[PDB]
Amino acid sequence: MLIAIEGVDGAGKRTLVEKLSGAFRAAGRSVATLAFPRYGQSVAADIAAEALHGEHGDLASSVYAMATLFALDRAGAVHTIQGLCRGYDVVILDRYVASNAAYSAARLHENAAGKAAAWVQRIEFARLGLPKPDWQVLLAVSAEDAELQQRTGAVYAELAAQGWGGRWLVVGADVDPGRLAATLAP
C-alpha cells in the first residue's frame, strides 16, 4: 500500500509519518518511508531549493519551471518507490505529487479543477509514470508568505474534497494514529 502525507510546512508531517509507522508496525505491518523533495540526492531538487533562495536567475519566477524540477526529482525515485511497494506492506511518502498540485495552483491563484493541477497529473502520473497513491492524507493545522501558505492549505483541502489522484483523508494535529492506521488498512 502506498500512502502520501501532505500539508503545508510546519504542519508536523514528519511527526505524523512516524506516528503512523509505529501504528502500522503495532498492527503487524512492515513500513518503509521516503521524504520529498530529495534535497542532497536530486540535482533537480537542489536547483529548485536554490532557485527559491534567489539563485539561478529568473528560474523561480516560473511556477511551471519549479513544478517541473520537483517532478523530475520524484520521477528519479520511481524505481525506488516501486521497489519499496514490493518489499513492504506500507510505503509512506512525506510529500508526493499533490504537493506539486497544491503549491503550483496556490501560486497561480487557481483551484484544484484548474490547469496547473491537471498538468501535474498529466506530467507526473501519466507521462513520468509515477504510481498513484492508494491514500493521500492531508494534515490540516491552524498555524504551521503567510497568505500563500494559507491559500496552499486551502487548495490542499480542495484536492482532498475532489479526490484528486485518488482517495484522501483530512486529519488534525491530534489524530489518533492507531485509528488512522485501521482506516487506511486494506
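The first residue of the sequence shown is number 1, and the count goes up from there.
Count the deposited residues lacking coordinates between residue 144 and residue 145 and you get 10 or more of them. The mean Cα B-factor in the deposited entry runs higher for 48-56 than for the other of 149-157 and 48-56. In this crystal structure, the stretch out of 93-101 and 107-115 whose C-alpha atoms carry the higher mean B factor is 107-115.
For residue 86, the recorded CA B-factor ranks within the highest third of the chain. Only modelled residues enter the ranking. When the modelled residues of the chain are ordered by their C-alpha B factor, residue 11 lands in the highest third.
Residue-level temperature factors show residue 28 in the highest third of its chain, judged at the C-alpha atom. When the modelled residues of the chain are ordered by their C-alpha B factor, residue 131 lands in the middle third. Looking at the C-alpha B-factors along this chain, the one for residue 68 belongs to the lowest third.
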